[PDB]
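Enquirer:
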Amino acid sequence: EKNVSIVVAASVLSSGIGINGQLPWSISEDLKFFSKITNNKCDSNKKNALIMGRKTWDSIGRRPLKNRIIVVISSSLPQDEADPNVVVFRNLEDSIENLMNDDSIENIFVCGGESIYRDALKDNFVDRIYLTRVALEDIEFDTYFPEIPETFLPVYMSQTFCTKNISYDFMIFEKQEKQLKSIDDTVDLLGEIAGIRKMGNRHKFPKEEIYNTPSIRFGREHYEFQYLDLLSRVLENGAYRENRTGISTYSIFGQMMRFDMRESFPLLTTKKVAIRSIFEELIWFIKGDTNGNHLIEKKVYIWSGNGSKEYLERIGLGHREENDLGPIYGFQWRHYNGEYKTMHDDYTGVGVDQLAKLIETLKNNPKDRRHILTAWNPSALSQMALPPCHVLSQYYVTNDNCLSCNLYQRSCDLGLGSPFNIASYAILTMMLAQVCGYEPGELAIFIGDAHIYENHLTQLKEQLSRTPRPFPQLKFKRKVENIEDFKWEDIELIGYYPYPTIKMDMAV
Amino acid sequence: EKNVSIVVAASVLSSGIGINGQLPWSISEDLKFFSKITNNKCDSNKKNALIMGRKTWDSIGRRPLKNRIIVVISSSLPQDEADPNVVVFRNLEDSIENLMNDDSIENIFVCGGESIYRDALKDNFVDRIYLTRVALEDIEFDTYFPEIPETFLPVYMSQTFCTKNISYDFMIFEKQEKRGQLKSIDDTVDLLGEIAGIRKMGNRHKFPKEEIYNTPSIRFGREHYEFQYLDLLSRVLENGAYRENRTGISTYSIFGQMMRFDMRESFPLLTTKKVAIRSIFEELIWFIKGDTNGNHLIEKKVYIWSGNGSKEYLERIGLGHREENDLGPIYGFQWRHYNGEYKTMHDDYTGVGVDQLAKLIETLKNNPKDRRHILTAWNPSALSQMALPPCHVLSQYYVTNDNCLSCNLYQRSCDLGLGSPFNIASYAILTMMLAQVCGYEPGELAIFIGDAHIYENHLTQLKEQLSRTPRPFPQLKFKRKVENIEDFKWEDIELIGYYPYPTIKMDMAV
Ligand SMILES: NC(=O)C1=CN([C@@H]2O[C@H](COP(=O)(O)OP(=O)(O)OC[C@H]3O[C@@H](n4cnc5c(N)ncnc54)[C@H](OP(=O)(O)O)[C@@H]3O)[C@@H](O)[C@H]2O)C=CC1
Ligand SMILES: NC(=O)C1=CN([C@@H]2O[C@H](COP(=O)(O)OP(=O)(O)OC[C@H]3O[C@@H](n4cnc5c(N)ncnc54)[C@H](OP(=O)(O)O)[C@@H]3O)[C@@H](O)[C@H]2O)C=CC1
Ligand SMILES: C#CCN(Cc1ccc2[nH]c(N)nc(=O)c2c1)c1ccc(C(=O)N[C@H](CCC(=O)O)C(=O)O)cc1
Ligand SMILES: C#CCN(Cc1ccc2[nH]c(N)nc(=O)c2c1)c1ccc(C(=O)N[C@H](CCC(=O)O)C(=O)O)cc1
Ligand SMILES: CN(Cc1cnc2nc(N)nc(N)c2n1)c1ccc(C(=O)N[C@@H](CCC(=O)O)C(=O)O)cc1
Ligand SMILES: CN(Cc1cnc2nc(N)nc(N)c2n1)c1ccc(C(=O)N[C@@H](CCC(=O)O)C(=O)O)cc1
Ligand SMILES: O=c1ccn([C@H]2C[C@H](O)[C@@H](COP(=O)(O)O)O2)c(=O)[nH]1
Ligand SMILES: O=c1ccn([C@H]2C[C@H](O)[C@@H](COP(=O)(O)O)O2)c(=O)[nH]1
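Structure, rendered in structure tokens:
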């Protein structure tokens, strides 16, 4: 008995691990990771053994690895003797015996060639798989990682990283075989006694059947889990409620989500997200625009319904022309407190420009604590087609000169709105970072009424059955001078490989 | 081997457990807890044994406990085979002996009397201690739970509960003599951290080192909500970035963090330092009445808004033309007269500006499930006239299906050392007030911080605080049902069972 682990790097969609006797890419961090995992051991007078196939041997210059013993599988290679850090076997099965003996061998790693992976998995020799998911998928491959067998379950998944615009995961799987007992025994007995009265009961852990990729118990580091686990928590504990819209929701109050923005862009991968619409709705905010026709003109219908004659009629704004949403987001951002008459009037100079003051303060007085944008105007709400959901947002220049964002959101709808805000404020923050001279840092979203519309239950349950994939990267093709000059065309999505788009109808 | 646990309920400060042959209180959740912990077992063919002194056995009426075996330590009581569910032993040590005897015995509980506890601990018989800390002192006790020996560390502390206004609290201590979920995941996350450094968000949120983490041996059971404040503290202490600011005094800062606090079973007043509760109530209702006159506070001997309401400060910021302690359209002006025109702190502003606190109340009452119960103080039009731009910037309220009122607050900037304890207490109280007035019960308070920072002239004070294990939170009850939210008065408030550590002096950053 001694541990056997595969170590592989494979393309996210098709497990492409090689082309023309070489890799499909060069990613140093991955070689570094390979170096750390294969070198790692306790008793420092033993060596780990790296098993590989002759073509892979061939592939790295037949040049030995520091501090490790290579084991080449070949029919032809002479079992040499020049070198003791490189040994040769005629088949994979006998190459083990590694186990039995060489007590000078702590761990065994299967380092691949397809033919070798395929044999290790078929003859059931491997216990763990360390898999580096690489997000590049329209390139030639002639070598694949075989399908992970059912006996294996994912138990870790890291955040997404970036190298020269390529996103990658790493990820661990364990061959399955079948804190205190006291602390949990206590917490449960107090839970039985107290019922609703113990706050832990009001915040129950989600059940396996509604928790995305359940085997991943202690390694939920991919920040997309921050979104999916939120979904589970409400699936789990949400109270059923009626609301102004016909359609009722499951709801809980006071939640939060966090996303890295240094290494990747947080566009959900568990459903294809309408990034264009998101972007297009953002510059419309930025420009201070409240004319819904401008979005519709670019073929973005997200605000259609809240600007229809009937909807505005139903809510007291029947005096408005179709699509005059009144002083909603964009207007409070550039014209805070301005007096709104119609989308046709000229507002240049009226009201506080928050957004301009934001940029000025952000470049001139970075460490100061007042970088705030707010849409919550008690005096305007009744003229808005909808009061805002994303209500207030605070911005933060780190000592190392990234820009982070906090968004307070009164009423994210988890199914539709939420994945939008995530992307939206990510971008707003990247935009502010170009314009002000910083790099993107972190995004934290604080939620008030976090809920799911009931007509989304099955759809979101579908989403919850899909294991997340590395986030993509998002780059600007040019440096702008004023932030209102950004255009869709400027924007580059690198490496977005989502699952099918999931249809969800918006409750009006 | 075979577990021996002490189970005891004791007063938080002096460890009182008994007076005149009885308990100094009557708290049935505790008897429920006792019963659960002592009945709990795997093998339906074995039983647990509870050990007690004769006088304790007298205490419970000499009747057996369902489903368990009582073992009475007495010199004199007869060893009579009548009850198979009660056996007498002449000494604790022999009774311990349950350990090899009675394969039929699964677990062992020392159920007390001071003399059985003292003996069990002195003779080192015992592995774990289940302790219910009862928050009333200043009453008569004649029996005590011994001081817990240094060989035990605490490993769990529950949230605070309430019964007939008495706060209480469950903890476990383990005899500890001679990350980790398994190796493979911590190793991999460690290796990744090394490859990536600052590039892996995990390295940006490093775990607090043991010497700065409050009560470190409690690692998987930091349930007491006091820990939400303390752990935040240790977190900026471990990752907080240095930065100079508008005050000569620099801060250590991180960005984006949160705290939850229950308000159904207790009042979230920090116990690890005596907190100026009066001054908090007096500012709070100052805000509710919509008042901006700094004098009204000083007149009630509350000096928190003095430094910011003085002649020099008002000068240095461009408000020289303002009467002393005219603070401007700060918090309560915006709550009552959002966007109204600020003349002076003397004008009458009846009917001016949007009255948010009124709309709030109307909305909680008539539209409980609506998502627009919102209180805001961030008014870009009015920042400059303000002695100080607001820190508790926005709050939301939420009526649960079982009629409790919850509050979320977004705080852009938060002095962990000084303002934060005020904010927790402040908004717990406001929420309790809003709840009474609207017909509901207190629910939960969540607090979202933008800039969470510790002032550098505070480090040693907060380090001191971090070395004190928290005690169960007190209760706060209103003595009468007010008709209007601005009628509340300090006199109307009762603070039951607040037992803090001594106050810790910290200088304000002007
Ligand atoms: N992305 C990643 O993580 C990795 C990718 N790769 C890529 O994979 C490709 C190489 O893989 P692959 O084409 O499978 O070649 P392999 O590395 O699997 O080597 C194949 C050779 O191994 C020997 N061998 C295999 N099975 C047996 C057996 N049953 N008995 C005796 N000898 C055996 C034979 O050598 P002989 O002919 O001498 O008999 C065979 O030709 C390259 O593109 C490489 O870059 C490789 C490792 C990792
Ligand atoms: N708050 C809590 O959780 C609890 C509180 N209590 C309270 O504590 C008080 C009772 O405790 P306490 O006064 O210490 O009495 P105990 O329950 O410890 O009983 C004392 C008796 O136990 C027997 N005993 C003790 N030591 C020996 C020995 N070494 N050899 C032989 N017999 C021994 C003796 O009985 P005999 O005289 O027959 O020889 C002695 O008088 C009451 O107020 C009770 O309500 C009790 C349990 C729990
Ligand atoms: C958040 C936010 C901004 N908003 C604004 C907005 C306005 C009123 C609202 N009203 C309600 N009840 N829920 C909302 O989420 C909501 C959102 C959004 C509105 C609709 C979609 C939407 O239907 N998105 C696509 C379909 C359109 C597309 O493909 O572009 C989807 O089905 O996912 C997204 C965001
Ligand atoms: C929040 C808020 C309102 N405010 C107003 C206010 C004004 C300027 C500020 N400036 C800075 N830098 N930090 C602050 O927290 C702060 C707070 C407070 C100011 C001081 C104390 C304070 O020193 N409190 C007691 C001591 C006095 C007492 O016992 O009453 C303490 O030490 O806890 C609390 C609140
Ligand atoms: C077998 N092989 C192909 C290869 C490439 N990438 C991989 N990536 C992963 N994740 N797993 C593999 N098995 C893997 N294999 C290898 C093996 C070692 C080195 C190598 O250079 N290793 C150095 C690491 C060099 C570095 O630090 O950059 C070492 O010290 O181990 C390169 C390719
Ligand atoms: C020994 N004693 C005094 C007493 C009271 N409170 C305590 N509380 C604690 N935590 N620990 C003790 N040892 C303890 N002891 C007792 C013990 C049992 C019962 C009792 O009635 N027990 C019933 C209680 C059942 C119930 O009320 O649910 C049981 O089934 O266990 C009362 C007093
Ligand atoms: O960024 C956004 C834009 C608005 N909405 C949704 C949330 C609610 O479903 C709806 C507002 O509902 P009420 O507060 O009006 O009831 O708008 C979002 O979730 N996110
Ligand atoms: O309710 C309040 C009143 C103000 N402050 C503190 C927070 C900051 O320490 C200080 C303002 O600092 P600057 O934003 O001026 O830098 O006031 C609070 O924390 N809470």
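Protein sequence lines correspond, in order, to chains A and B.
Residue numbers for the first sequence, in the deposited numbering: 3 to 180, 192 to 521.
Residue numbers for the second sequence, in the deposited numbering: 3 to 180, 190 to 521.
Cβ coordinates follow ideal geometry from the N, Cα and C atoms, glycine included.
(1) Find out if the Cβ-Cβ distance for the pair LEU33 (chain A), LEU52 (chain A) is shorter than 8 Å.
(2) Using a Cβ-Cβ cutoff of 7 Å, what residues of the stretch 416 to 427 of chain A are near chain B? List them in chain order.
(3) Should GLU205 (chain A) be flagged as near chain B, meaning a C-beta pair shorter than 8 Å?
(4) Tell me, please, which residues DSSP counts as bridged to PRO453 (chain B).
(5) Listed in chain order, which residues are found with a beta carbon closer than 5 Å to a heavy atom of ligand 8?
(6) For chain A, check one thing: does any of its Cβ atoms lie closer than 8 Å to the Cβ of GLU3 (chain B)?
(7) If you scan the stretch 296 to 358 of chain A from start to end, which runs of the alpha helix (DSSP H) of 4 or more residues do you find wholly inside it?
(8) Exposed or buried, what is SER46 (chain A) when buried is set at 16 or more other beta-carbons lying within 10 Å of its beta-carbon?
(9) State whether the stretch 399 to 406 of chain A contacts the stretch 280 to 291 of chain A, with contact taken as three or more CB pairs (one from each stretch) at a distance under 8 Å.
(10) Count the other CB atoms, across all protein chains shown, that sit within 10 Å of the CB of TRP316 (chain A); report buried if there are 16 or more and exposed otherwise.
(11) Roughly how far, in whole angstroms, is the beta-carbon of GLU497 (chain A) from the beta-carbon of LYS300 (chain A), given that I think they are within contact range, below 8 Å?
(12) What residues of chain A sit near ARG130 (chain B), judged by a beta carbon separation below 9 Å?
(13) Going by the C-beta, is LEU470 (chain A) closer than 7 Å to any heavy atom of ligand 3?
(14) Below 8 Å on the Cβ atoms is my guess for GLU108 (chain A) versus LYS48 (chain A); work out the distance and round it to an integer in Å.
(15) Using a beta-carbon distance cut-off of less than 8 Å, what residues from the stretch 151 to 171 of chain A approach chain B?
(16) Indicate the three-state DSSP secondary structure (helix, strand or coil) for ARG271 (chain B) in the structure shown.
(17) So, for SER61 (chain A): in the same chain, excluding its five sequence neighbours on each side, which residues have a beta-carbon less than 7 Å away from its beta-carbon?
(18) Indicate, with yes or no, if ligand 7 has a heavy atom lying under 7 Å from the CB of residue 182 (chain B).
(19) Please list the terminal residues of the continuous beta strand (DSSP E) segment that includes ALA12 (chain B).
(20) Does residue 1 (chain A) get closer than 8 Å to chain B when you measure Cβ to Cβ?
(21) Return helix, strand or coil for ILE288 (chain A), following the three-state DSSP convention.
(22) For residue 568 (chain B), which option in B:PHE163, B:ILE341, B:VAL128 and B:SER160 has the closest C-alpha, if you only look at C-alpha atoms?
(23) Which residue wins for smallest C-alpha separation from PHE91 (chain A), given the options A:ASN103, A:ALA84 and A:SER78?
(24) Taking the alpha-carbon of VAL136 (chain B) as reference, which of B:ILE209, B:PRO26, B:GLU152 and B:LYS43 has the nearest alpha-carbon?
(25) From this set, A:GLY267, A:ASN434, A:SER395 and A:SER7, which residue's C-alpha is nearest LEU281 (chain A)'s C-alpha?
(26) Got a sec? Which residues, its chain only, sit under 7 Å from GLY364 (chain A) by beta carbon, not counting five neighbours each side?
(27) With a threshold of 7 Å (Cβ to nearest heavy atom), would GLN81 (chain B) be considered close to ligand 2?
(28) Below 7 Å CB to CB, which residues in the same chain sit around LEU506 (chain B) once its five sequence neighbours on both sides are set aside?
(29) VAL365 (chain A) versus chain B: which residues are under 8 Å apart at the beta carbon?
(30) Going by DSSP, what residues sit across from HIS403 (chain B) in a beta bridge?
(31) Using the beta-carbon of each residue, which ones in chain A are nearer than 8 Å to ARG347 (chain B)?
(32) DSSP on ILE515 (chain A), reduced to helix/strand/coil?
(33) Give the single residue among A:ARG275, A:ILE465 and A:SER228 whose Cα lies nearest to the Cα of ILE209 (chain B).
(34) Please state the DSSP three-state secondary structure of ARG70 (chain B).
(35) For residue 524 (chain B) and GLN367 (chain B), what's the separation of their Cα atoms in angstroms?
(36) Could you tell me if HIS235 (chain A) is buried or exposed, where buried requires 16 or more neighbouring beta carbons within 10 angstroms of its beta carbon?
Expert: Judging by the given coordinates:
(1) Result no, Cβ atoms of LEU33 (chain A) and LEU52 (chain A) do not sit closer than 8 Å.
(2) Listed by position, the residues of the stretch 416 to 427 of chain A near chain B (Cβ gap below 7 Å) are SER417, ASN419, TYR421, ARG423 and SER424.
(3) At least one chain B Cβ lies under 8 Å of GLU205 (chain A).
(4) Note: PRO453 (chain B) is bridge-paired with B:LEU416 in the DSSP secondary-structure output.
(5) This criterion selects A:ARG382, B:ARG257, B:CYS402, B:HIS403, B:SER424, B:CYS425, B:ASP426 and B:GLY430.
(6) Chain A contact via Cβ: absent.
(7) For the alpha helix (DSSP H) assignment, the uninterrupted runs of no fewer than 4 residues enclosed by the stretch 296 to 358 of chain A are, from N- to C-terminal side, 306 to 310, 322 to 327 and 342 to 348.
(8) Exposed is the call here.
(9) The stretch 399 to 406 of chain A, when compared against the stretch 280 to 291 of chain A, does not touch it at the 8 Å Cβ threshold.
(10) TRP316 (chain A) is buried by the Cβ-count criterion.
(11) Correct: roughly 5 Å between the Cβ atoms.
(12) Correct list: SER195.
(13) No, ligand 3 has no heavy atom inside 7 Å of this Cβ.
(14) Contact between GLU108 (chain A) and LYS48 (chain A) holds: their C-beta atoms lie close to 4 Å from each other, under 8 Å.
(15) Those would be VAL157, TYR158, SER160, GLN161 and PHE163, in chain order.
(16) The answer is strand: DSSP assigns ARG271 (chain B) an E or B state.
(17) Correct list, in chain order: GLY23 and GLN24.
(18) Since chain B is numbered 180 and then 190, with no step between, residue 182 (chain B) has no place in the structure shown.
(19) In the DSSP assignment, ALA12 (chain B) falls within the beta strand (DSSP E) that extends over 6 to 13.
(20) Nothing about residue 1 (chain A) can be reported from this structure: the residues present for chain A run from 3 to 521 only.
(21) If DSSP states are grouped into helix, strand and coil, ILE288 (chain A) belongs with the helices.
(22) Since the first residue shown for chain B is 3 and the last is 521, residue 568 (chain B) is missing from the structure and cannot be characterised.
(23) For the residues A:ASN103, A:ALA84 and A:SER78, the minimum Cα distance to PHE91 (chain A) belongs to A:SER78.
(24) Nearest C-alpha to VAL136 (chain B): B:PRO26.
(25) Comparing Cα-Cα distances from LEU281 (chain A) to each of A:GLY267, A:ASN434, A:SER395 and A:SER7, the minimum goes to A:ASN434.
(26) Only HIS348, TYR349, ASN350 and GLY351 meet the Cβ criterion.
(27) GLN81 (chain B): no, Cβ never under 7 Å from ligand 2.
(28) So the list reads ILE288, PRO485 and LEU487, once near-sequence residues are dropped.
(29) The contacting residues are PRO391 and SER392.
(30) Residue pairing by DSSP places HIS403 (chain B) opposite B:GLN422 in a beta bridge.
(31) Within chain A, no residue comes near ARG347 (chain B); the closest Cβ sits about 11 Å away, beyond 8 Å.
(32) DSSP places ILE515 (chain A) in coil when its eight states are reduced to three.
(33) Comparing Cα-Cα distances from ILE209 (chain B) to each of A:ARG275, A:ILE465 and A:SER228, the minimum goes to A:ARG275.
(34) In this structure, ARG70 (chain B) counts as strand in the three-state DSSP scheme.
(35) Outside the modelled stretch of chain B, which goes from 3 to 521, sits residue 524 (chain B), for which no answer is possible.
(36) With 16 or more Cβ atoms within 10 Å of its Cβ, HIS235 (chain A) is classed as buried.
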